[PDB]
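**Q** File follows, model_10.cif with mmCIF, N, CA, C and O atoms:
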data_model
loop_
_atom_site.label_atom_id
_atom_site.label_comp_id
_atom_site.auth_asym_id
_atom_site.auth_seq_id
_atom_site.Cartn_x
_atom_site.Cartn_y
_atom_site.Cartn_z
N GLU A 1627 -7.42 11.86 -31.04
CA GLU A 1627 -6.21 12.72 -31.18
C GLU A 1627 -5.30 12.50 -29.97
O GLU A 1627 -5.83 12.28 -28.87
N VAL A 1628 -3.98 12.59 -30.15
CA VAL A 1628 -3.03 12.32 -29.03
C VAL A 1628 -2.91 13.57 -28.17
O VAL A 1628 -2.44 14.58 -28.69
N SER A 1629 -3.35 13.50 -26.91
CA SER A 1629 -3.18 14.64 -25.98
C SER A 1629 -2.29 14.16 -24.85
O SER A 1629 -2.76 13.36 -24.03
N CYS A 1630 -1.05 14.64 -24.81
CA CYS A 1630 -0.07 14.10 -23.83
C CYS A 1630 0.19 15.06 -22.67
O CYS A 1630 0.84 16.08 -22.89
N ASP A 1631 -0.27 14.71 -21.47
CA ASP A 1631 -0.08 15.58 -20.29
C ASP A 1631 1.14 15.07 -19.55
O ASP A 1631 1.14 13.90 -19.16
N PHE A 1632 2.12 15.93 -19.34
CA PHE A 1632 3.37 15.52 -18.67
C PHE A 1632 3.28 15.90 -17.20
O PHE A 1632 2.87 17.00 -16.90
N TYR A 1633 3.63 14.98 -16.31
CA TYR A 1633 3.71 15.27 -14.89
C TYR A 1633 5.18 15.32 -14.50
O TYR A 1633 6.06 14.88 -15.25
N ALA A 1634 5.46 15.85 -13.32
CA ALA A 1634 6.84 16.10 -12.92
C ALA A 1634 7.12 15.52 -11.55
O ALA A 1634 6.20 15.21 -10.78
N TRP A 1635 8.40 15.37 -11.25
CA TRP A 1635 8.82 15.20 -9.87
C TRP A 1635 8.40 16.43 -9.07
O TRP A 1635 8.02 17.46 -9.62
N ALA A 1636 8.47 16.30 -7.74
CA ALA A 1636 8.07 17.30 -6.77
C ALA A 1636 6.56 17.50 -6.77
O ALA A 1636 6.05 18.27 -5.95
N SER A 1637 5.82 16.83 -7.66
CA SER A 1637 4.37 16.83 -7.58
C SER A 1637 3.86 15.93 -6.46
O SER A 1637 2.67 15.97 -6.14
N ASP A 1638 4.74 15.12 -5.88
CA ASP A 1638 4.40 14.15 -4.84
C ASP A 1638 3.34 13.16 -5.30
O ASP A 1638 2.65 12.55 -4.48
N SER A 1639 3.21 12.98 -6.62
CA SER A 1639 2.22 12.04 -7.14
C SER A 1639 2.66 10.60 -6.92
O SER A 1639 1.84 9.75 -6.57
N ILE A 1640 3.94 10.32 -7.11
CA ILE A 1640 4.44 8.96 -7.01
C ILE A 1640 4.49 8.54 -5.54
O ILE A 1640 4.81 9.35 -4.66
N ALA A 1641 4.17 7.28 -5.28
CA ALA A 1641 4.30 6.71 -3.95
C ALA A 1641 4.60 5.23 -4.08
O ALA A 1641 4.25 4.59 -5.08
N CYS A 1642 5.25 4.68 -3.06
CA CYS A 1642 5.64 3.28 -3.07
C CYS A 1642 5.17 2.61 -1.78
O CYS A 1642 5.19 3.22 -0.71
N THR A 1643 4.76 1.35 -1.90
CA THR A 1643 4.35 0.54 -0.77
C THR A 1643 5.14 -0.76 -0.78
O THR A 1643 5.21 -1.43 -1.80
N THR A 1644 5.72 -1.10 0.37
CA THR A 1644 6.52 -2.30 0.49
C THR A 1644 5.69 -3.44 1.07
O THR A 1644 4.68 -3.22 1.74
N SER A 1645 6.13 -4.67 0.80
CA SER A 1645 5.40 -5.86 1.23
C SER A 1645 6.38 -6.82 1.89
O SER A 1645 7.40 -7.17 1.29
N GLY A 1646 6.06 -7.25 3.10
CA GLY A 1646 6.93 -8.10 3.87
C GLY A 1646 7.70 -7.34 4.94
O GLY A 1646 7.55 -6.14 5.12
N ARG A 1647 8.55 -8.08 5.64
CA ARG A 1647 9.39 -7.49 6.69
C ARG A 1647 10.53 -8.42 7.07
O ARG A 1647 10.69 -9.50 6.49
N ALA A 1657 19.74 -5.09 7.05
CA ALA A 1657 18.64 -4.82 7.97
C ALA A 1657 17.37 -4.46 7.22
O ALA A 1657 17.43 -3.95 6.10
N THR A 1658 16.23 -4.73 7.84
CA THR A 1658 14.91 -4.40 7.29
C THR A 1658 14.75 -4.97 5.88
O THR A 1658 14.45 -4.25 4.93
N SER A 1659 14.94 -6.28 5.76
CA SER A 1659 14.84 -6.95 4.47
C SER A 1659 13.38 -7.15 4.12
O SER A 1659 12.70 -8.02 4.67
N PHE A 1660 12.88 -6.32 3.20
CA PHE A 1660 11.51 -6.46 2.74
C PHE A 1660 11.43 -7.53 1.65
O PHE A 1660 12.44 -8.11 1.24
N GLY A 1661 10.21 -7.80 1.19
CA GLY A 1661 10.01 -8.91 0.28
C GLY A 1661 9.44 -8.54 -1.08
O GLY A 1661 9.65 -9.26 -2.05
N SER A 1662 8.70 -7.43 -1.15
CA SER A 1662 8.13 -7.00 -2.41
C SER A 1662 7.84 -5.51 -2.35
O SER A 1662 7.68 -4.94 -1.26
N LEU A 1663 7.76 -4.86 -3.52
CA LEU A 1663 7.48 -3.39 -3.61
C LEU A 1663 6.53 -3.11 -4.77
O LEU A 1663 6.72 -3.72 -5.83
N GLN A 1664 5.56 -2.22 -4.59
CA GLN A 1664 4.69 -1.84 -5.73
C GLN A 1664 4.72 -0.31 -5.81
O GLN A 1664 4.82 0.31 -4.75
N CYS A 1665 4.61 0.26 -7.01
CA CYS A 1665 4.69 1.73 -7.19
C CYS A 1665 3.32 2.24 -7.62
O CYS A 1665 2.70 1.60 -8.45
N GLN A 1666 2.88 3.36 -7.07
CA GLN A 1666 1.55 3.90 -7.41
C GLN A 1666 1.71 5.36 -7.82
O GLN A 1666 2.42 6.08 -7.13
N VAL A 1667 1.07 5.77 -8.91
CA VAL A 1667 1.25 7.14 -9.44
C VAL A 1667 -0.14 7.73 -9.55
O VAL A 1667 -1.08 6.95 -9.61
N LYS A 1668 -0.28 9.05 -9.54
CA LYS A 1668 -1.63 9.66 -9.52
C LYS A 1668 -1.85 10.52 -10.76
O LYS A 1668 -0.94 11.30 -11.10
N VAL A 1669 -3.00 10.39 -11.41
CA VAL A 1669 -3.22 11.14 -12.68
C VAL A 1669 -4.49 11.98 -12.53
O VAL A 1669 -5.42 11.51 -11.89
N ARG A 1670 -4.51 13.19 -13.11
CA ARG A 1670 -5.71 14.05 -13.06
C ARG A 1670 -6.67 13.55 -14.12
O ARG A 1670 -7.62 14.27 -14.47
N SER A 1671 -6.48 12.31 -14.54
CA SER A 1671 -7.31 11.74 -15.61
C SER A 1671 -8.70 11.39 -15.10
O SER A 1671 -8.91 11.46 -13.88
N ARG A 1672 -9.61 11.03 -16.00
CA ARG A 1672 -11.01 10.80 -15.57
C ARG A 1672 -11.35 9.31 -15.48
O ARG A 1672 -12.53 8.99 -15.73
N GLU A 1673 -10.41 8.46 -15.09
CA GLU A 1673 -10.71 7.02 -14.87
C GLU A 1673 -11.39 6.50 -16.14
O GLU A 1673 -12.03 5.44 -16.06
N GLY A 1674 -11.26 7.23 -17.25
CA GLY A 1674 -11.80 6.77 -18.55
C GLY A 1674 -10.90 5.70 -19.14
O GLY A 1674 -9.75 5.61 -18.70
N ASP A 1675 -11.39 4.92 -20.09
CA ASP A 1675 -10.60 3.78 -20.62
C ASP A 1675 -9.39 4.22 -21.48
O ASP A 1675 -8.32 3.63 -21.27
N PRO A 1676 -9.47 5.18 -22.43
CA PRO A 1676 -8.32 5.46 -23.31
C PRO A 1676 -7.24 6.28 -22.65
O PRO A 1676 -7.22 7.51 -22.78
N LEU A 1677 -6.32 5.63 -21.94
CA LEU A 1677 -5.19 6.34 -21.36
C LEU A 1677 -4.10 5.33 -21.01
O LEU A 1677 -4.38 4.24 -20.52
N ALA A 1678 -2.85 5.75 -21.20
CA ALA A 1678 -1.70 4.89 -20.85
C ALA A 1678 -0.71 5.73 -20.07
O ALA A 1678 -0.61 6.92 -20.37
N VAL A 1679 0.01 5.14 -19.12
CA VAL A 1679 0.97 5.89 -18.27
C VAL A 1679 2.36 5.36 -18.55
O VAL A 1679 2.52 4.15 -18.56
N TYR A 1680 3.31 6.23 -18.78
CA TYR A 1680 4.66 5.78 -19.14
C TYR A 1680 5.62 6.40 -18.13
O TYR A 1680 5.87 7.59 -18.23
N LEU A 1681 6.13 5.61 -17.19
CA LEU A 1681 6.96 6.11 -16.10
C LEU A 1681 8.43 6.03 -16.48
O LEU A 1681 8.88 5.00 -17.00
N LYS A 1682 9.17 7.11 -16.24
CA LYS A 1682 10.61 7.10 -16.46
C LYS A 1682 11.26 6.00 -15.65
O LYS A 1682 11.16 5.98 -14.42
N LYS A 1683 11.92 5.07 -16.34
CA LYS A 1683 12.77 4.14 -15.63
C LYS A 1683 13.98 4.88 -15.10
O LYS A 1683 14.72 5.51 -15.86
N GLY A 1684 14.20 4.81 -13.79
CA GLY A 1684 15.41 5.34 -13.22
C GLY A 1684 16.60 4.54 -13.70
O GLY A 1684 16.45 3.71 -14.61
N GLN A 1685 17.78 4.79 -13.14
CA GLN A 1685 19.01 4.07 -13.50
C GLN A 1685 19.19 3.97 -15.02
O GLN A 1685 19.93 3.12 -15.52
N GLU A 1686 18.55 4.88 -15.76
CA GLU A 1686 18.76 5.04 -17.19
C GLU A 1686 18.95 6.48 -17.61
O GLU A 1686 19.55 6.72 -18.67
N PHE A 1687 18.48 7.45 -16.84
CA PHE A 1687 18.73 8.86 -17.07
C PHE A 1687 19.77 9.33 -16.06
O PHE A 1687 19.79 8.85 -14.92
N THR A 1688 20.63 10.26 -16.48
CA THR A 1688 21.70 10.71 -15.61
C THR A 1688 21.16 11.44 -14.38
O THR A 1688 21.51 11.11 -13.25
N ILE A 1689 20.28 12.42 -14.59
CA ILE A 1689 19.79 13.27 -13.52
C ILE A 1689 18.30 13.03 -13.36
O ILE A 1689 17.51 13.36 -14.25
N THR A 1690 17.91 12.45 -12.22
CA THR A 1690 16.52 12.18 -11.91
C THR A 1690 16.24 12.58 -10.47
O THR A 1690 17.11 12.48 -9.61
N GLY A 1691 15.01 13.03 -10.22
CA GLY A 1691 14.60 13.28 -8.85
C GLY A 1691 14.23 14.72 -8.56
O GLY A 1691 14.55 15.63 -9.34
N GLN A 1692 13.54 14.94 -7.44
CA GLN A 1692 13.20 16.29 -7.03
C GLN A 1692 14.45 17.11 -6.77
O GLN A 1692 14.52 18.29 -7.14
N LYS A 1693 15.45 16.51 -6.13
CA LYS A 1693 16.69 17.19 -5.81
C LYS A 1693 17.77 17.00 -6.87
O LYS A 1693 18.92 17.39 -6.64
N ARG A 1694 17.42 16.40 -8.02
CA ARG A 1694 18.32 16.31 -9.17
C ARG A 1694 19.58 15.51 -8.83
O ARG A 1694 20.71 15.99 -8.98
N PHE A 1695 19.39 14.29 -8.35
CA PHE A 1695 20.53 13.41 -8.03
C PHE A 1695 21.21 12.99 -9.32
O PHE A 1695 20.50 12.80 -10.29
N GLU A 1696 22.53 12.84 -9.33
CA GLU A 1696 23.27 12.47 -10.56
C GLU A 1696 23.93 11.11 -10.43
O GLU A 1696 24.34 10.80 -9.33
N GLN A 1697 24.02 10.35 -11.51
CA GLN A 1697 24.71 9.06 -11.50
C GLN A 1697 26.18 9.34 -11.58
O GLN A 1697 26.72 9.28 -12.67
N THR A 1698 26.79 9.62 -10.42
CA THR A 1698 28.21 9.98 -10.32
C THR A 1698 29.12 8.97 -10.97
O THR A 1698 30.17 9.35 -11.45
N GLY A 1699 28.72 7.72 -10.99
CA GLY A 1699 29.52 6.71 -11.68
C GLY A 1699 30.47 6.06 -10.72
O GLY A 1699 31.18 5.18 -11.13
N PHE A 1700 30.49 6.54 -9.50
CA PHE A 1700 31.33 5.91 -8.48
C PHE A 1700 30.56 4.72 -7.93
O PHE A 1700 29.35 4.81 -7.78
N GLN A 1701 31.24 3.63 -7.63
CA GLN A 1701 30.57 2.41 -7.18
C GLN A 1701 30.77 2.19 -5.69
O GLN A 1701 30.51 1.08 -5.26
N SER A 1702 31.20 3.19 -4.92
CA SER A 1702 31.49 2.92 -3.49
C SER A 1702 31.76 4.19 -2.69
O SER A 1702 32.11 5.19 -3.29
N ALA A 1703 31.59 4.13 -1.37
CA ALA A 1703 31.93 5.25 -0.48
C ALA A 1703 32.58 4.62 0.73
O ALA A 1703 32.39 3.42 0.92
N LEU A 1704 33.31 5.38 1.52
CA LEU A 1704 33.97 4.87 2.71
C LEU A 1704 33.20 5.11 4.00
O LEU A 1704 33.45 4.43 5.00
N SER A 1705 32.26 6.06 4.01
CA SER A 1705 31.45 6.31 5.18
C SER A 1705 30.19 7.05 4.77
O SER A 1705 30.18 7.80 3.79
N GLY A 1706 29.12 6.83 5.52
CA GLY A 1706 27.91 7.59 5.30
C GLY A 1706 26.63 6.78 5.17
O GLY A 1706 25.54 7.35 5.23
N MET A 1707 26.74 5.46 4.99
CA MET A 1707 25.53 4.66 4.86
C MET A 1707 24.77 4.61 6.17
O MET A 1707 25.37 4.45 7.24
N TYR A 1708 23.46 4.75 6.09
CA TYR A 1708 22.60 4.62 7.26
C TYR A 1708 21.26 4.08 6.81
O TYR A 1708 20.79 4.40 5.71
N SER A 1709 20.65 3.27 7.66
CA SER A 1709 19.38 2.61 7.37
C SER A 1709 19.43 1.86 6.05
O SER A 1709 18.69 2.20 5.12
N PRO A 1710 20.27 0.84 5.91
CA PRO A 1710 20.24 0.03 4.69
C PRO A 1710 18.94 -0.75 4.58
O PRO A 1710 18.34 -1.15 5.58
N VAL A 1711 18.51 -0.96 3.34
CA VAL A 1711 17.33 -1.76 3.04
C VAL A 1711 17.68 -2.70 1.90
O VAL A 1711 18.36 -2.32 0.94
N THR A 1712 17.19 -3.93 2.00
CA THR A 1712 17.53 -4.95 1.00
C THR A 1712 16.26 -5.70 0.60
O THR A 1712 15.83 -6.64 1.27
N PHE A 1713 15.66 -5.26 -0.50
CA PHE A 1713 14.55 -5.99 -1.10
C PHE A 1713 15.05 -7.29 -1.71
O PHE A 1713 16.20 -7.42 -2.12
N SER A 1714 14.16 -8.27 -1.76
CA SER A 1714 14.48 -9.57 -2.32
C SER A 1714 13.97 -9.65 -3.76
O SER A 1714 12.95 -9.06 -4.11
N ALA A 1715 14.76 -10.33 -4.59
CA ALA A 1715 14.58 -10.36 -6.06
C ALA A 1715 13.14 -10.34 -6.54
O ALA A 1715 12.60 -9.25 -6.73
N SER A 1716 12.60 -11.50 -6.87
CA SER A 1716 11.24 -11.43 -7.43
C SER A 1716 10.47 -10.67 -6.37
O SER A 1716 10.54 -11.07 -5.19
N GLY A 1717 9.77 -9.63 -6.76
CA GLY A 1717 9.15 -8.78 -5.73
C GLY A 1717 9.44 -7.33 -6.05
O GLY A 1717 8.48 -6.53 -6.02
N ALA A 1718 10.71 -6.98 -6.29
CA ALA A 1718 10.94 -5.63 -6.76
C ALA A 1718 11.84 -5.68 -7.98
O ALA A 1718 12.62 -6.62 -8.17
N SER A 1719 11.72 -4.66 -8.82
CA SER A 1719 12.55 -4.54 -10.01
C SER A 1719 13.57 -3.43 -9.80
O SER A 1719 13.43 -2.61 -8.88
N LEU A 1720 14.59 -3.41 -10.64
CA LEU A 1720 15.67 -2.44 -10.53
C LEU A 1720 15.12 -1.02 -10.56
O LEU A 1720 15.51 -0.18 -9.74
N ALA A 1721 14.20 -0.75 -11.48
CA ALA A 1721 13.58 0.57 -11.54
C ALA A 1721 12.75 0.83 -10.28
O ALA A 1721 12.76 1.95 -9.75
N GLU A 1722 12.03 -0.18 -9.80
CA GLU A 1722 11.19 0.01 -8.63
C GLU A 1722 12.02 0.35 -7.40
O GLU A 1722 11.67 1.25 -6.63
N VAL A 1723 13.13 -0.37 -7.20
CA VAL A 1723 13.99 -0.07 -6.06
C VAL A 1723 14.58 1.33 -6.20
O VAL A 1723 14.63 2.09 -5.22
N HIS A 1724 15.03 1.68 -7.40
CA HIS A 1724 15.58 3.02 -7.61
C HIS A 1724 14.55 4.09 -7.30
O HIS A 1724 14.88 5.11 -6.68
N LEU A 1725 13.31 3.88 -7.73
CA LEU A 1725 12.26 4.83 -7.41
C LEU A 1725 12.02 4.92 -5.91
O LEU A 1725 11.73 6.00 -5.40
N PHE A 1726 12.16 3.80 -5.20
CA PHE A 1726 11.94 3.82 -3.76
C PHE A 1726 12.97 4.70 -3.06
O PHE A 1726 12.61 5.56 -2.25
N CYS A 1727 14.26 4.50 -3.36
CA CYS A 1727 15.29 5.31 -2.73
C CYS A 1727 15.16 6.76 -3.14
O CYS A 1727 15.45 7.67 -2.35
N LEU A 1728 14.68 7.02 -4.35
CA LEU A 1728 14.64 8.43 -4.78
C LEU A 1728 13.59 9.09 -3.92
O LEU A 1728 13.85 10.17 -3.39
N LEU A 1729 12.45 8.45 -3.78
CA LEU A 1729 11.39 9.13 -3.03
C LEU A 1729 11.89 9.31 -1.61
O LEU A 1729 11.75 10.39 -1.06
N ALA A 1730 12.54 8.29 -1.07
CA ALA A 1730 12.99 8.36 0.33
C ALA A 1730 13.93 9.55 0.50
O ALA A 1730 13.60 10.44 1.29
N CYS A 1731 15.03 9.59 -0.24
CA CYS A 1731 16.03 10.63 -0.03
C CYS A 1731 15.48 12.04 -0.24
O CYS A 1731 15.98 12.98 0.38
N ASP A 1732 14.46 12.21 -1.08
CA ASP A 1732 13.87 13.52 -1.29
C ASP A 1732 13.04 13.99 -0.10
O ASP A 1732 12.65 15.16 -0.07
N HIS A 1733 12.76 13.13 0.86
CA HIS A 1733 11.95 13.47 2.03
C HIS A 1733 12.75 13.25 3.30
O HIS A 1733 12.24 12.73 4.30
N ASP A 1734 14.01 13.62 3.29
CA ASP A 1734 14.84 13.37 4.46
C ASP A 1734 15.53 14.61 4.99
O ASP A 1734 15.65 14.76 6.21
N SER A 1735 16.02 15.49 4.11
CA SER A 1735 16.75 16.71 4.45
C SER A 1735 18.05 16.42 5.17
O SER A 1735 18.79 17.35 5.50
N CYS A 1736 18.37 15.15 5.43
CA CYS A 1736 19.65 14.74 5.99
C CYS A 1736 20.37 13.79 5.04
O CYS A 1736 21.48 13.34 5.33
N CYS A 1737 19.76 13.51 3.90
CA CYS A 1737 20.30 12.61 2.89
C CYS A 1737 20.99 13.42 1.81
O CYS A 1737 20.41 14.36 1.26
N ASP A 1738 22.23 13.05 1.50
CA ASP A 1738 22.98 13.67 0.43
C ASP A 1738 23.03 12.82 -0.82
O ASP A 1738 23.36 13.34 -1.90
N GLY A 1739 22.72 11.54 -0.72
CA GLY A 1739 22.74 10.65 -1.86
C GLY A 1739 22.41 9.25 -1.40
O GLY A 1739 22.16 9.00 -0.22
#
Spell out the structure here as structure tokens.
**A**
Amino acid sequence: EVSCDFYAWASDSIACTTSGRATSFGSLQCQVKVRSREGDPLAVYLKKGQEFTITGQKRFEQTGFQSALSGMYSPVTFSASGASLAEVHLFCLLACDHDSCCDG
């Protein structure tokens, strides 16, 4: 029988680890945590970011603006094969939610 347990942001379950070493990294992997029993019948379906308007613990919105005139700090540039668009988006989301000085 299908038993679907939904997890949420702010659970701090999601985490990301970067690979390699402004601060141009080389690869990224995403790790999520389930209260599951390490049993075989289970599948995990992660929301791809950059496809939903409002995502994140702080409910960031895809404003649709492609630029700002001031405010960037600590830029990071992952290299292609190594991270995916969703993976990079997940990385920045987790980062900005743990900063208290980040507005977007």
**Q** Please, what distance in Å, to one decimal, runs between atom CA of residue A:1726 and atom CA of residue A:1631?
**A**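 One can read the atom CA of residue A:1726 to atom CA of residue A:1631 distance as 23.6 Å.
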**Q** Closest to residue A:1681 among A:1663, A:1628, A:1640, A:1704, using only C-alpha atoms?
**A** A:1640
**Q** Between atom N of residue A:1714 and atom N of residue A:1660, what is the spacing in Å?
**A**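 Interatomic distance, atom N of residue A:1660 to atom N of residue A:1714: 5.5 Å.
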**Q** With all atoms listed in the file as the basis for distance, which of A:1716, A:1629, A:1643, A:1702 is at the shortest distance from residue A:1676?
**A**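 Closest to residue A:1676 of all the choices is A:1629.
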**Q** Would you kindly return, as a ChimeraX atom specification, each protein, DNA or RNA residue with an atom no farther than 6 Å from any atom of residue A:1639, considering all atoms listed in the file and excluding same-chain residues fewer than 4 positions away?
**A** /A:1634,1666-1668
**Q** Show which residues sit within 6 Å of residue A:1713, as a VMD selection string. Count only N, CA, C and O atoms, and ignore same-chain residues fewer than 2 positions away.
**A** chain A and resid 1658 to 1661 1711 1715
**Q** As a list in words, list the residues of chain A assigned to helix (DSSP H, G or I) by DSSP on the backbone atoms of this structure.
**A**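 Secondary structure check on chain A, helix (DSSP H, G or I): residues 1720, 1721, 1722, 1723, 1724, 1725, 1726, 1727, 1728, 1729, 1730, 1731 and 1732 of chain A.
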**Q** Tell me which of A:1691, A:1739, A:1684, A:1646 sits closest to residue A:1708, counting only C-alpha atoms.
**A** A:1739
**Q** Between atom N of residue A:1721 and atom CA of residue A:1682, measure the distance and give it in Å to one decimal.
**A**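 We find that atom N of residue A:1721 and atom CA of residue A:1682 lie 10.0 Å from each other.
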**Q** Could you name the residues that touch residue A:1728 at 7 Å or less, counting only N, CA, C and O atoms, but leaving out those on the same chain fewer than 4 positions away, as a PyMOL selection string?
**A** chain A and resi 1690-1692+1722-1724+1732-1733
**Q** Which residue out of A:1630, A:1736, A:1731, A:1725 has the minimum interatomic distance to residue A:1678 when only C-alpha atoms are used?
**A**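 Checking each candidate against residue A:1678, we get A:1630 as the closest.
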**Q** Using only N, CA, C and O atoms, which residues sit within 4.5 Å of residue A:1662 once same-chain residues fewer than 5 positions away are excluded, as a PyMOL selection string?
**A** chain A and resi 1643-1645+1717
**Q** With distances taken over all atoms listed in the file, which residue among A:1637, A:1697, A:1664, A:1705 lies nearest residue A:1718?
**A** A:1664
**Q** From the options A:1642, A:1720, A:1677, A:1729, which residue's atoms come nearest to residue A:1627, counting only C-alpha atoms?
**A**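 Of A:1642, A:1720, A:1677, A:1729, the one nearest residue A:1627, counting only C-alpha atoms, is A:1677.
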**Q** For stretch 1665-1676 of chain A, I'd like the enclosing box, axis-aligned and padded by 5 Å on every side, reported as lines of an AutoDock Vina configuration file with centre and edge lengths in Å to one decimal.
**A**
center_x = -3.9
center_y = 7.3
center_z = -15.2
size_x = 27.2
size_y = 24.0
size_z = 26.3
**Q** Using DSSP secondary structure from the backbone, list all strand (DSSP E or B) positions within chain A, as a ChimeraX atom specification.
**A** /A:1641-1645,1662-1666,1689-1690,1695-1696
**Q** Which residues, written as JSON, numbers by chain, have at least one atom at most 7 Å from residue A:1698, with only N, CA, C and O atoms counted and residues fewer than 3 positions away on the same chain left out?
**A** {"A": [1688, 1695, 1701]}
